[PDB]
Amino acid sequence: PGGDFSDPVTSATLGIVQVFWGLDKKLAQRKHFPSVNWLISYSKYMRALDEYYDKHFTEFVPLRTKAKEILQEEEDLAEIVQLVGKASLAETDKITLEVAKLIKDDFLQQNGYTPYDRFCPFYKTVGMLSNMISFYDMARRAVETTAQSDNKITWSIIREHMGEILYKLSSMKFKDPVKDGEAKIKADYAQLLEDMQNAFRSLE
Amino acid sequence: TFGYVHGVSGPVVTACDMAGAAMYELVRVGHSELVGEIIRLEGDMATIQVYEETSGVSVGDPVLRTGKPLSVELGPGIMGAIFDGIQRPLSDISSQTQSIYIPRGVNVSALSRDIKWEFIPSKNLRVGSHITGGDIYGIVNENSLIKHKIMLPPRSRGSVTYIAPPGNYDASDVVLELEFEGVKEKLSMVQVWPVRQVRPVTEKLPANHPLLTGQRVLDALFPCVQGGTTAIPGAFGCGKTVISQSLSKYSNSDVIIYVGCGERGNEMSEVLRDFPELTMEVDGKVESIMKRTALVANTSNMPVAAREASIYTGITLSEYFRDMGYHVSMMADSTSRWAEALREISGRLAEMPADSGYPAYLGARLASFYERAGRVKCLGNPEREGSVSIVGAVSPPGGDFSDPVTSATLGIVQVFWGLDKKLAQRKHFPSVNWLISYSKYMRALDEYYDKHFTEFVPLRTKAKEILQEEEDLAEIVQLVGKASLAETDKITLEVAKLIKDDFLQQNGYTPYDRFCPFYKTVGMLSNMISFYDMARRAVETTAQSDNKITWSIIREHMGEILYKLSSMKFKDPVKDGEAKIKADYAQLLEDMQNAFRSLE
Amino acid sequence: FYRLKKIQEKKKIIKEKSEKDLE
Amino acid sequence: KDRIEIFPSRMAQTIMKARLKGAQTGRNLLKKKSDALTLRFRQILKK
Amino acid sequence: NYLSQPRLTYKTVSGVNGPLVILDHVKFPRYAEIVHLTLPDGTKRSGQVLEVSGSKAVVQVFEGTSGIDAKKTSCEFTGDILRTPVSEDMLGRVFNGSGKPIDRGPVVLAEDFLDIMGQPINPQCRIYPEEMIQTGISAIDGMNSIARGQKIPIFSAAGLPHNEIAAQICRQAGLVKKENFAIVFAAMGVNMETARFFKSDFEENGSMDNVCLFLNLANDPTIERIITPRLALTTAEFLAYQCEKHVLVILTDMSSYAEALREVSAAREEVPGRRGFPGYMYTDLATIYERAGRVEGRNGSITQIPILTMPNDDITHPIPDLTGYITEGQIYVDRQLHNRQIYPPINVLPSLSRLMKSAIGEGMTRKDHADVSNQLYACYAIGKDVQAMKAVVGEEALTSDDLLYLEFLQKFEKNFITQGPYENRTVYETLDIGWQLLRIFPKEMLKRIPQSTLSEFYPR
Amino acid sequence: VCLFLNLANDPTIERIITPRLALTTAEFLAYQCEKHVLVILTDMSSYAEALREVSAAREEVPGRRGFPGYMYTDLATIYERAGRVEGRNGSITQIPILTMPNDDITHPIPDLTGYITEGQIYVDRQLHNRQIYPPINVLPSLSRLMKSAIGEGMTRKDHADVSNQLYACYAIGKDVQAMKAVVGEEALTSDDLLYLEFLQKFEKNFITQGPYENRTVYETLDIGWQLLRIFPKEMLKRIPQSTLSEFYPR
Amino acid sequence: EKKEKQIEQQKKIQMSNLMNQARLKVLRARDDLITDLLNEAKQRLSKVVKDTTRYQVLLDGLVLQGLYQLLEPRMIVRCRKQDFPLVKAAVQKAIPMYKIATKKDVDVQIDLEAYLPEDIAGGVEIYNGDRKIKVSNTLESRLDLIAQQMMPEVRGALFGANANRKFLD
Amino acid sequence: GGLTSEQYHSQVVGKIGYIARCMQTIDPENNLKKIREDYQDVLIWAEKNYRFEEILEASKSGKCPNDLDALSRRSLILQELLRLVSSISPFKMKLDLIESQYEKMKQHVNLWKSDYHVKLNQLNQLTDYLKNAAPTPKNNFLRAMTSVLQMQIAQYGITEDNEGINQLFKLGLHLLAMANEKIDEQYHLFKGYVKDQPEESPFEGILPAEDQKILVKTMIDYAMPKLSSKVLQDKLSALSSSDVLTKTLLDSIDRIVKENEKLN
């Protein structure tokens with residue numbers, strides 16, 4: 001009733017269900033889809049599934065943790081920028097908001113009526129996340145690796161050198177599980193990994 | 001005679017053959033003698049609220065009516081006892097059962113029989129003498145500090161038919177017999193009283209003497225009168241023990257009562273462990289405070305009725321000691337936990353929620369409880385005065401005074417010693433926030449102070465003003481810095497800091513501040529304010545001069561006086577005579593006057 | 001609370017009347 | 001005027017508790033902004 | 001001695017109403033008497049008398065009344081209330097909510113029967129809590145240390161890892177080791193995945209010979225969820241106060257227990273109190289929580305840690321509110337820390353152990369400990385204040401002192417709070433981690449610690 | 001004077017009849033004996049708590065905060081026994097007194113009393129903490145009968161106009177005070193600072209009075225005018241030009 | 001370095017995997033022994049009922065005891081067919097004691113048309129006239145009821161008192 | 001303030017009967033003529049053997065005096081005179097002083113506020129402490145000091161600001177307050193007392209001769225341990241021939257100790 005998770009059916013359900021997918025009116029109001037709030041949702045099953053992921057997708061658990069951290073650090077930075085503006089943020093924080101925008105708009109957003117996006121296999125899913133967080137670690141590394149240096153890397157310097165990489169990263173959602181084989185999608189995403197690393201070498 | 005159980009639903013037991021019962025009459029239920037109060041009559045049927053868990057009560061079990069509503073046994077053997085809220089002796093329910101539990105279905109008498117005491121009949125009496133309620137027909141010497149005055153019950157009257165000779169007696173002995181309208185009443189050193197009924201008095205008097213706590217901030221700036229009503233915001237972060245311990249271990253109050261309303265189980269055992277270890281000086285001897293108190297302790301899991309009765313047993317014990325001509329003082333550790341017991345009993349009674357959940361009557365129960373305080377002329381003939389002082393702690397959620405029990409309590413009490421977590425975090429013991437705190441008894445102590453301390457009302461007024469001015473000046477210090485203030489403002493701030501740190505604050509673990517007499521308190525403040533007025537005189541007198549006095553010049557040429565003023569706390573009522581302390585304080589007055597004369 | 005209290009009293013009345021109707 | 005007039009509900013209690021934390025946080029952030037600028041300003045005055 | 005008289009059985013089901021079966025023509029029924037219902041098909045079901053009146057006995061059946069009828073149904077009365085068969089052999093074992101074992105082991109041979117409702121511990125006999133229990137989680141033992149005999153709830157919220165913290169305490173908990181200690185872990189309203197997690201993690205990770213485990217599942221019938229806490233505490237009272245054992249009682253979700261008091265109160269037709277909970281909920285939680293403390297003349301001692309899911313994350317809700325009134329502390333699990341993947345996500349700012357200063361000190365743990373915990377709290381608080389300042393002023397505007405508090409904050413969340421599910425840090429390892437962080441500061445910045453303590457422990 | 005006392009430890013249900021006894025005696029003195037009676041009813045709140053108790057005990061339909069539905073009528077059965085009646089020189093005046101719970105003006109006790117009484121007099125902590133005795137805050141106060149109790153034959157001709165302009169200036173003073181508390185005195189115009197000064201001078205002189213000091217209406221009006229003279233004649237927008245010409249310049 | 005601490009817990013884990021099962025086999029043995037003591041007791045009761053002298057004393061008790069619980073105007077006793085003569089004598093001795101203790105008359109019948117199963121180790125069942133209320137007074141029922149309640153005395157005497165029981169409270 | 005009418009009249013009878021018992025107690029012989037006359041209106045109803053019922057009916061009828069304020073004040077005046085006389089029992093004061101002190105109390109505004117009552121409370125505390133006091137220096141000193149205070153009070157009354165009586169209160173109360181282990185301070189208080197009393201022998205004939213000898217013995221017993229020379233110990237032992245407590249005995253002990261303080 002009224003969208004309020006204090007409701008007795010919600011409260012009783014949340015005491016029993018191991019997974020909750022809290023769809024949020026704010027995300028719906030912005031027409032973000034599928035509108036799942038990644039701060040109030042939860043899944044207890046990670047404790048078990050870490051064994052399956054460590055057998056079949058060894059990179060995934062680190063990536064999942066780094067995703068959650070970026071997504072939570074976005075909320076802190078957002079609430080301060082909403083009063084102080086962007087000028088107080090360090091370059092790491094500008095990068096954290098940049099990759100959080102990529103995660104929230106190009107990884108976590110998904111359209112239910114687009115043929116290439118209607119469903120996403122896990123091979124595509126882990127690849128997209130792996131590249132966005134690899135970009136985060138490398139872009140953040142470029143700033144931190146130039147602390148106290150004669151020239152310091154910045155979000156603007158990154159945006160200038162890496163613009164093609166940002167377009168390619170946001171474009172990863174367009175790879176089609178029907179017309180593209182999973183090995184092809186993975187090979188294309190591996191080319192984006194090499195493209196990122198070579199483009200980061202032009203900064204460093 | 002007795003009835004039989006007819007039904008049970010949770011704690012509520014319906015009975016039959018209860019025709020001769022009364023509402024609120026006390027009843028024993030079940031073969032195990034569970035305690036409960038009648039809460040409805042329905043003809044020959046009655047509904048009993050049982051206190052203890054009803055599990056195992058059976059239809060057709062016996063229901064013994066007690067000839068009384070909920071009541072307190074009063075007499076010898078109260079001192080050093082620990083009771084629960086329904087007057088069961090927790091020290092004896094321990095030692096007699098050899099069990100760590102209160103067994104369900106206790107039947108131990110509240111004042112222990114077969115224990116003889118030395119009883120002196122009042123040697124002025126004879127057979128055929130006229131006697132009335134509150135007449136002291138004898139004394140029991142039960143402890144060296146507290147001669148227990150026996151008295152005729154308030155409802156009783158008549159002519160003495162027999163009185164026991166001097167000797168050793170106990171509750172089973174018929175100490176007194178009297179006759180009225182041709183009918184004899186037998187009596188004992190034990191008396192009984194309905195706990196929810198006030199013990200009557202010849203006259204309730206206006207309260208006019210200070211309940212001296214030996215604590216400077218309290219005794220000076222927020223004096224509670226003997227017989228006064230007062231509240232303390234009892235919360236863990238602010239040190240509520242400091243006031244309650246100091247009241248017991250020193251304050252001018254002949255007997256202490258302490259009521260555990262419903263405290264957390266460990267925090268209650270802290271009190272019951274700790275109080276026996278406290279000692280107070282009497283007649284140059286040192287003795288345990290257990291000679292001068294009784295503890296009515298309820299942990300949160302004691303029955304709902306035992307929590308809501310807790311304060312009513314406490315006040316009834318306290319009024320019995322008041323009618324012996326003692327200046328009784330009674331703590332309540334959390335009137336808020338008593339108010340929860342009200343919410344719960346009203347919940348079980350299915351009565352409608354009033355404010356926030358509490359009963360309609362919460363305000364009236366609080367008010368008709370606090371009115372049991374005051375100084376009084378006692379009943380009976382030896383004309384003695386006595387009092388009950390009530391120190392009712394409150395626990396407002398997050399400090400929010402809009403809380404119904406806290407709000408009604410601050411409505412009724414005349415003094416609030418607002419302890420504060422901020423002051424406790426700064427270790428500013430006793431940590432009483434002087435801005436929030438107040439006393440409505442100032443007017444009522446004018447008569448006392450005009451006789452004994454005729455300058456003190458001026459001093460108190462100046463002290464509060466000086467501290468209030470420093471709180472206003474601190475805003476200017478934040479806006480424009482200490483350097484920007486006028487010389488009068490700077491000296492006011494420095495003196496207000498001196499008053500705050502060396503008069504309001506008091507280290508109760510040190511030999512010099514473990515207690516602080518009232519004459520000491522006055523002399524310390526008198527010096528600080530005399531210094532303020534003369535320092536301020538030199539500053540203001542050198543307005544528009546070529547050379548103007550400032551606090552820095554005073555600190556340069558006479559900072560020894562500031563050092564001495566701060567040092568005045570170290571004077572010791574044991575090692576220093578009262579005259580020696582007064583002489584040293586008078587010497588500091590002369591020293592500062594000559595020092596000020598060197599400037600102006 | 002008040003609506004539920006009245007419902008519960010109405011039920012108690014109806015129970016009592018239903019037992020009286022056994023005669 | 002005196003109140004926000006969100007309609008009384010557990011929803012409104014949730015939202016108003018979050019608004020109170022938001023407003024107290026915003027007070028403290030803007031107070032920190034003020035203090036930082038005030039310190040620099042007092043340095044500038046001396047300079 | 002014992003009930004030497006034979007059990008009656010009735011076919012007199014005069015009615016059935018939701019979870020209730022109303023026997024009539026009953027002979028001298030007891031309130032709270034246990035009965036064994038038998039369905040028309042011969043299936044046994046337990047029930048307890050929830051009300052009595054003249055000839056009537058309103059049984060609440062434990063399972064639902066599905067399959068009862070007014071005719072072929074029959075109802076044996078035991079003549080007695082619920083007594084637990086109790087013993088020291090309930091250690092190393094796993095029990096359902098009724099106290100029937102489920103670890104494939106045999107039924108309990110009682111060393112005594114006890115009344116499950118217990119009795120009030122006499123306030124003269126309760127003794128003050130005065131030595132620490134090591135829970136091993138640094139965010140407890142170095143910041144919120146538990147005196148043996150304290151009651152201290154872990155407040156949490158839906159979805160947070162409070163069940164993993166509860167399990168981690170249950171594995172790690174023990175005496176300080178400057179043998180005779182045993183957890184009783186009781187869980188209510190547990191979804192079967194979480195029940196497997198406790199049963200499996202306790203059996204696997206070494207614990208069982210020092211724990212008793214009571215499970216009430218989410219789909220176990222609601223009166224068994226009311227019974228389970230009292231059942232567990234009745235075992236803790238036996239282990240502590242008759243067998244001299246030290247005990248830590250862990251209650252896994254007091255909110256699922258409050259969610260049972262709702263149902264049983266509705267079963268009595270009682271009008272709902274504040275926020276729809278029973279008015280007497282304060283007393284009922286006290287009769288759970290105060291079955292705790294040390295006692296005069298016994299070495300034994302019951303601590304409690306009630307885990308408690310705050311509904312809607314709200315500390316003003318009656319379940320956390322009443323528990324805050326009854327228990328000498330709180331430990332807050334925080335969604336902010338959990339989303340950061342900090343585990344265990346205990347927030348050390350709003351948490352407080354009110355008995356800490358009696359749990360810890362010289363002889364009981366290490367001399368410095370009481371000083372270090374005040375200093376770590378101060379540095380974490382100033383660190384959070386500086387982290388908020390950095391977000392406003394930018395890094396270059398921070399002072400050298402601010403940059404120290406910020407570096408401490410970063411290292412404190414990533415090494416002091418963070419611990420992982422199987423890292424059993426002793427108090428000594430927690431304090432050494434406390435110093436490994438506090439040594440980041442210049443010696444004179446550590447203003448809460450005494451100069452003597454610094455001179456004795458700040459050196460490496 | 002006749003004192004009917006019911007104390008906080010006397011029976012709560014007797015409070016229901018205590019003010020009714022007082023009013024019955026007041027009717028006898030006023031309407032039967034032509035006495036100019038004043039009735040003081042003290043803590044109508046501690047009376048209203050007895051209504052709330054009886055209501056809960058009877059299970060009466062609860063209005064706001066659990067007072068009985070008849071709360072307005074019960075209060076009327078007290079408060080309407082007042083005022084003159086034809087042929088009788090008696091005149092029951094009532095000054096009830098009530099402690100508002102949690103200081104809330106909108107609480108059912110003050111609020112229902114508000115609908116029944118001829119306006120209300122408000123006493124305020126914001127004055128009492130500043131030692132401004134009697135702490136009567138004029139602004140929230142009104143008297144419904146003042147409209148006809150003042151002007152020629154009752155009081156000086158100016159009085160009604162002065163009263164309104166004093167409300168205007170006091171109210172604007174509170175509004176500019178609320179402005180200063182956010183934006184500082186630098187945002188205020190000279191006129192806004194005069195309204196702030198008006199509020200300060202007004203509370204220190206017009207409201208502030210000795211506990212035994214009696215001031216005539218004429219002296220009160222002259223204090224009013226010597227405060228109103230703080231503004232130029234034309235700024236007094238509640239007052240007609242005729243009243244300004246007769247009473248502003250003095 | 002953390003793993004090198006954790007191997008001490010791996011030793012404790014392997015110890016627990018072994019120990020926790022080994023002691024369950026000891027508990028299983030304990031309960032089997034109690035269960036066999038009940039089996040021997042049931043066998044001994046099935047011997048006792050073959051003495052018509054003691055068995056008459058049992059029925060005289062069990063019948064009267066059933067009646068004293070089910071206080072009613074009319075009662076039915078159900079028994080095994082072959083025991084009926086002993087039961088009839090027991091009912092005829094019990095009815096006087098019923099009147100004496102209850103102060104009210106009774107009609108008691110033995111339901112010869114509805115005998116109890118022959119394999120029950122003796123004793124009786126008693127029903128009220130409506131057949132709506134019953135009590136079960138077979139020697140097997142009393143053995144279960146009494147053995148269950150005396151179980152602490154059984155354990156303490158059978159396997160010795162546990163030295164950790166410092167307090168009985 | 002008030003009571004149920006049954007209670008109120010029952011308190012009136014209680015005051016009347018009590019005043020009569022107090023009158024019989026302070027004066028078994030009718031020697032206090034003016035006092036007795038000032039209560040004749042109440043005394044008659046209790047000197048006559050009237051039944052409690054008869055006097056209760058006479059109170060309801062307004063035939064007995066029945067204002068509890070007046071009866072309480074009048075009762076208080078008699079009892080605070082009785083308390084004086086009882087508190088000085090070994091020193092029975094003059095009848096003229098009793099009726100004079102009574103006139104001062106009859107004239108007084110409020111006896112509970114009066115320093116008259118304060119002096120008697122201080123006397124009561126001191127006197128009452130002795131009733132179970134064991135043989136001990138502090139207790140022996142206080143017994144002696146109390147007897148002197150009782151004598152002076154019997155000579156001058158309570159309302160007379162005799163400087164001796166006021167100093168005797170200060171000194172006796174201070175010694176009562178002084179901690180029990182403080183033997184040298186208790187000794188110094190007793191020495192200071194006997195020096196400050198104008199008499200050469202302040203206790204002579206005031207108390208039992210056994211206690212006078214015990215006071216002399218007490219001074220000697222705590223002086224002797226200070227003496228490092230056997231010759232001075234023998235000179236001090238020779239003073240034990242005394243039995244009356246005298247200033248000259250204390251001055252002789254003090255001189256022997258002062259010679260030892262020089263001889264070190």
# chains A, B, ... in the order shown; residues from 1 in each chain; ligands from 1
>>> interface_residues(of="chain E", to="chain D", cutoff="9 Å", atoms="only C-alpha atoms", output="PyMOL selection string")
chain E and resi 312+314+388-389+391-393+397
>>> residues_around(residues="residue 46 in chain H", least_positions_apart="5", cutoff="10 Å", atoms="only C-alpha atoms", output="PDB file with N, CA and C atoms, in the first residue's frame")
ATOM      1  N   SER B 129      -6.009   4.725  80.364  1.00  0.00           N
ATOM      2  CA  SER B 129      -5.606   5.930  79.625  1.00  0.00           C
ATOM      3  C   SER B 129      -6.302   6.018  78.269  1.00  0.00           C
ATOM      4  N   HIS B 130      -6.681   7.223  77.851  1.00  0.00           N
ATOM      5  CA  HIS B 130      -7.203   7.475  76.503  1.00  0.00           C
ATOM      6  C   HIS B 130      -6.083   7.519  75.457  1.00  0.00           C
TER       7      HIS B 130
ATOM      8  N   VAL H  13      -9.715  14.192  71.604  1.00  0.00           N
ATOM      9  CA  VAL H  13      -9.668  13.405  72.840  1.00  0.00           C
ATOM     10  C   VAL H  13      -8.231  12.997  73.166  1.00  0.00           C
ATOM     11  N   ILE H  16      -6.375  15.898  74.668  1.00  0.00           N
ATOM     12  CA  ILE H  16      -6.865  16.185  76.021  1.00  0.00           C
ATOM     13  C   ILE H  16      -6.285  15.194  77.031  1.00  0.00           C
ATOM     14  N   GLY H  17      -6.425  13.896  76.775  1.00  0.00           N
ATOM     15  CA  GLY H  17      -5.881  12.869  77.661  1.00  0.00           C
ATOM     16  C   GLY H  17      -4.362  12.970  77.800  1.00  0.00           C
ATOM     17  N   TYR H  18      -3.657  13.227  76.702  1.00  0.00           N
ATOM     18  CA  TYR H  18      -2.211  13.408  76.730  1.00  0.00           C
ATOM     19  C   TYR H  18      -1.775  14.601  77.575  1.00  0.00           C
ATOM     20  N   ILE H  19      -2.398  15.770  77.391  1.00  0.00           N
ATOM     21  CA  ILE H  19      -2.102  16.945  78.213  1.00  0.00           C
ATOM     22  C   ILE H  19      -2.240  16.583  79.694  1.00  0.00           C
ATOM     23  N   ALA H  20      -3.276  15.834  80.068  1.00  0.00           N
ATOM     24  CA  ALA H  20      -3.452  15.407  81.447  1.00  0.00           C
ATOM     25  C   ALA H  20      -2.325  14.502  81.941  1.00  0.00           C
ATOM     26  N   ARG H  21      -1.912  13.512  81.150  1.00  0.00           N
ATOM     27  CA  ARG H  21      -0.767  12.668  81.512  1.00  0.00           C
ATOM     28  C   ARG H  21       0.505  13.485  81.672  1.00  0.00           C
ATOM     29  N   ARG H  51     -15.506   8.035  80.533  1.00  0.00           N
ATOM     30  CA  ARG H  51     -15.264   7.067  79.462  1.00  0.00           C
ATOM     31  C   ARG H  51     -14.864   7.783  78.176  1.00  0.00           C
ATOM     32  N   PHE H  52     -14.095   7.099  77.336  1.00  0.00           N
ATOM     33  CA  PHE H  52     -13.649   7.629  76.045  1.00  0.00           C
ATOM     34  C   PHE H  52     -14.837   8.063  75.170  1.00  0.00           C
ATOM     35  N   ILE H  55     -16.321  11.483  76.594  1.00  0.00           N
ATOM     36  CA  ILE H  55     -15.519  12.626  76.162  1.00  0.00           C
ATOM     37  C   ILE H  55     -15.591  12.833  74.643  1.00  0.00           C
TER      38      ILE H  55
END
>>> closest_residue(among="F:125, F:233, F:156, F:64", to="chain B", atoms="only C-alpha atoms")
F:64
>>> interface_residues(of="chain C", to="chain F", cutoff="10 Å", atoms="only C-alpha atoms", output="JSON, numbers by chain")
{"C": [2, 3, 5, 6]}
>>> write_last_selection(atoms="N, CA, C and O atoms", output="mmCIF file, in the first residue's frame")
data_model
loop_
_atom_site.group_PDB
_atom_site.id
_atom_site.type_symbol
_atom_site.label_atom_id
_atom_site.label_comp_id
_atom_site.auth_asym_id
_atom_site.auth_seq_id
_atom_site.Cartn_x
_atom_site.Cartn_y
_atom_site.Cartn_z
ATOM 1 N N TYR C 2 -10.529 1.062 19.804
ATOM 2 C CA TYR C 2 -11.915 1.239 20.199
ATOM 3 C C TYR C 2 -12.873 0.391 19.367
ATOM 4 O O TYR C 2 -13.716 -0.308 19.923
ATOM 5 N N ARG C 3 -12.724 0.373 18.043
ATOM 6 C CA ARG C 3 -13.557 -0.464 17.174
ATOM 7 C C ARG C 3 -13.403 -1.925 17.533
ATOM 8 O O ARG C 3 -14.399 -2.614 17.698
ATOM 9 N N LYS C 5 -12.438 -3.129 20.485
ATOM 10 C CA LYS C 5 -13.035 -3.312 21.808
ATOM 11 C C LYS C 5 -14.535 -3.496 21.689
ATOM 12 O O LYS C 5 -15.070 -4.453 22.236
ATOM 13 N N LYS C 6 -15.220 -2.649 20.925
ATOM 14 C CA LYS C 6 -16.665 -2.789 20.740
ATOM 15 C C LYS C 6 -17.024 -4.089 20.049
ATOM 16 O O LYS C 6 -17.896 -4.789 20.542
#
>>> closest_atom_pairs(of="chain G", to="chain B", cutoff="10 Å", atoms="only C-alpha atoms", output="CSV")
residue,atom,partner,partner_atom,distance
G:167,CA,B:99,CA,9.4
G:168,CA,B:99,CA,8.8
G:169,CA,B:99,CA,5.9
>>> residues_around(residues="range 272-288 of chain E", least_positions_apart="3", cutoff="7 Å", atoms="only C-alpha atoms", output="PyMOL selection string")
(chain B and resi 300-301+304+344+347-348+357) or (chain C and resi 1) or (chain E and resi 229-230+261-262+265+291+322+326)
